[PDB]
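Working notes, beginning with the structure itself.
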Amino acid sequence: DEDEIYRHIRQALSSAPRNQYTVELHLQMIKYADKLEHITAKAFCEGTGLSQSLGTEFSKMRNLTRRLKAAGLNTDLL
Amino acid sequence: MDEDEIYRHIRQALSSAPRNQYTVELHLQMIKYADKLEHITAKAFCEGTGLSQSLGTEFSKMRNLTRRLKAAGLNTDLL
């Protein structure tokens, strides 16, 4: 499961234009955070091809996602 | 809503949040009001909300997520 998720994230990021990359990165983190609750930020960056420096950003987005879902976000639609 | 009243809503939510929820609340408030603040710079956002200019980059990131988040069902009235 996690490896399929990482492939989907990589396909989305590799396809994003430069000026949409940061947005797409954050949206992919939010999209899958609820299926990756058990993973470390380090493992997330390794799986997706991201610099390990982005780990804190994943940790932030994973916390944010719980509150966005409570406000109606359906992460399947991202 | 005038921009300053939006800033006051953000300041009030930040003041009301527990310390251990501050950073999440800040990002949620940025998302909540980004689309009513489309005309402001991140510098003006930080000045209006009493935040360090170093947080401007956080507003720049969050404000550009709203279109896709709302299309996926996010109701900012619930934030």
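Going through the structure tokens in order, the chains are called A, B, and so on, while each chain numbers its residues from 1 and the ligands are numbered from 1 in the order shown.
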*Could you give me, as a count of residues only, the residues within 12 Å of residue 41 in chain A, counting only C-alpha atoms and dropping anything in the same chain fewer than 3 positions from it?*
24
Counting only C-alpha atoms, which residues of chain B fall within 12 Å of chain A, and what is the closest atom pair for each with its distance in Å at one decimal, ordered by chain and rising number, as a tab-separated table?
```
residue	atom	partner	partner_atom	distance
B:20	CA	A:63	CA	11.6
B:21	CA	A:63	CA	9.7
B:22	CA	A:64	CA	11.3
B:23	CA	A:60	CA	8.4
B:24	CA	A:64	CA	5.8
B:25	CA	A:64	CA	8.5
B:26	CA	A:64	CA	10.0
B:27	CA	A:64	CA	7.5
B:28	CA	A:64	CA	7.3
B:29	CA	A:64	CA	11.0
B:30	CA	A:64	CA	11.6
B:31	CA	A:68	CA	9.6
B:32	CA	A:68	CA	10.1
B:57	CA	A:22	CA	11.4
B:58	CA	A:57	CA	10.5
B:60	CA	A:23	CA	9.8
B:61	CA	A:23	CA	6.9
B:62	CA	A:23	CA	8.4
B:63	CA	A:23	CA	9.6
B:64	CA	A:23	CA	6.6
B:65	CA	A:23	CA	6.3
B:66	CA	A:23	CA	10.0
B:67	CA	A:78	CA	10.5
B:68	CA	A:78	CA	6.7
B:69	CA	A:73	CA	6.7
B:70	CA	A:73	CA	7.4
B:71	CA	A:77	CA	7.8
B:72	CA	A:77	CA	5.0
B:73	CA	A:73	CA	4.6
B:74	CA	A:73	CA	4.2
B:75	CA	A:71	CA	5.6
B:76	CA	A:71	CA	7.0
B:77	CA	A:71	CA	8.1
B:78	CA	A:71	CA	5.2
B:79	CA	A:71	CA	6.3
```
*Write down as a VMD selection string the residues of range 30-59 of chain A whose backbone DSSP state falls under alpha helix (DSSP H).*
chain A and resid 30 to 32 41 to 48 55 to 59
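CA of residue 28 in chain A to CA of residue 9 in chain A spans 6.2 Å [interatomic distance, one decimal].
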*CA of residue 14 in chain B and CA of residue 54 in chain B, how far apart in Å?*
16.6 Å
